[PDB]
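[1] fold the following, please.
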Amino acid sequence: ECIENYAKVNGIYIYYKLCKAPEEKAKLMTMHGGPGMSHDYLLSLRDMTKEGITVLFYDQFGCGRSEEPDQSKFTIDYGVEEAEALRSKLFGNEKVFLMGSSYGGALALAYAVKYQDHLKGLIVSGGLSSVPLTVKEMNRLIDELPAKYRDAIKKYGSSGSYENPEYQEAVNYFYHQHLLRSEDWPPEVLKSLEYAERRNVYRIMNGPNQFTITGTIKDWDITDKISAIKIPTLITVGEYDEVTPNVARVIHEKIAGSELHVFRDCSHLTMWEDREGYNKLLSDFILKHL
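    Numbering: from 1, shown residues only. Dropping the coordinates below:
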């Protein structure tokens, strides 16, 4: 069982789930994607506790269970501080491993740019260093989609009508091809997608759905800066990932000594499509850089 709490972190009460390992050997901190989802769809990473790796889960500002701060704080810069303040308020000065998924990845990268001296290693899963690139690549994916669902996305999408069934059917298809390649989606994932649809962070910082990043981060891009990350980096990405492995290449290209693993037959949520494979990779990487 994990130790849950609702303590104050950098101003607003933030929820976090710390799952300690019987024989802890390294503490890994996680950053869920979104922006505006939750730690829920990352719970599968708990398996690493049986490898001497304590995993700290938490809902970023305005997400899941945590309270929503002032809209002026709906930025990655704020997210970083929140991440830092949480790492110290819990572990103090101890060096830990940072991981992020999608937005959590881009976020994680930003954190590394200013707080890499507080991390033993960095893990980026289906993350990004440039939202624009992610958009250019995501548009290519939609075009490759079968004309049917493709036309729907562009038609109703431009008419600002994401409530239409034809549009949703396409959104569902796309998701079932680049978000999670399985039917019978795990609850944890559906729980996260529900949290982002109830809160506000997703509507402001991101936008409507996945392939529609028209929020307040659509122009974010720290590519010409991530090159400053020196700590060991494990960059993962699915073969059919909504955040194409090409984007993962841009991040890999800068960070020297960084690894780049492309999970075949997997999409964006590889931690669920290959729970054992994903958990093993991160556990190995971490343990090899204690």
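
[2] residue 248: how many residues sit nearby?
    25 (other CB atoms under 10 Å). Every C-beta, even on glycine, is put in place using the N, C-alpha and C of the backbone.

[3] go on, residue 22?
    When neighbours are counted by other CB under 10 Å, residue 22 registers 8.

[4] swap in residue 135?
    17.

[5] list the residues that contact it.
    213, 218 (CB atoms under 8 Å, 6 or more residues apart in numbering).

[6] looks to me like it is in a helix.
    Yes - counting by DSSP: H, G, I helix; E, B strand; the rest coil, residue 135 is located in a helix.

[7] any figure for the gap between it and residue 19?
    35 Å (CB to CB, to the nearest Å).

[8] likewise for residue 209?
    Residue 209 is 31 Å from residue 19, by CB to CB.

[9] tell me which of those two has more neighbours.
    Using other CB under 10 Å, the more surrounded residue of residue 209 and residue 19 is residue 19, with 20 against 17.

[10] can you give me the strands for this protein?
    Along the chain, counting by DSSP state E, strands occupy 3-9, 12-19, 26-31, 53-58, 96-101, 119-125, 233-238, 259-263.

[11] and the angle for the longest one with strand 26-31?
    Here strand 12-19 points in a direction 140 degrees away from that of strand 26-31 (axes from the mean of the first three to the mean of the last three CA atoms, to 10 degrees).

[12] the stretch 151-290 of the chain: helices as residue ranges?
    With helices called from DSSP state H, counting those that start in this stretch, the stretch 151-290 of the chain shows them at 165-178, 187-198, 201, 223-226, 245-254, 270-273, 275-287.

[13] so which residues make contact with the second one?
    By CB under 8 Å, 6+ apart, the surrounding residues in contact with helix 187-198 are 32, 34, 36-44, 59, 63-64, 180, 202, 269, 272.

[14] does residue 274 touch residue 266 like I think?
    Yes - Residue 274 lies in contact with residue 266 (CB atoms under 8 Å); the separation is 5.5 Å.

[15] of those two, who's got more company?
    residue 266 (24 against 18).

[16] how near is the more buried one to residue 182?
    The spacing between residue 266 and residue 182, counted by CB to CB, is 10 Å.

[17] now render the strands of the chain as JSON lines, adding distance to residue 150.
    Shown next, in JSON lines, are the strands of the chain (distance: least, CB to CB, whole Å):
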{"stretch": "strand 3-9", "distance to residue 150": "43"}
{"stretch": "strand 12-19", "distance to residue 150": "39"}
{"stretch": "strand 26-31", "distance to residue 150": "32"}
{"stretch": "strand 53-58", "distance to residue 150": "36"}
{"stretch": "strand 96-101", "distance to residue 150": "26"}
{"stretch": "strand 119-125", "distance to residue 150": "27"}
{"stretch": "strand 233-238", "distance to residue 150": "20"}
{"stretch": "strand 259-263", "distance to residue 150": "25"}
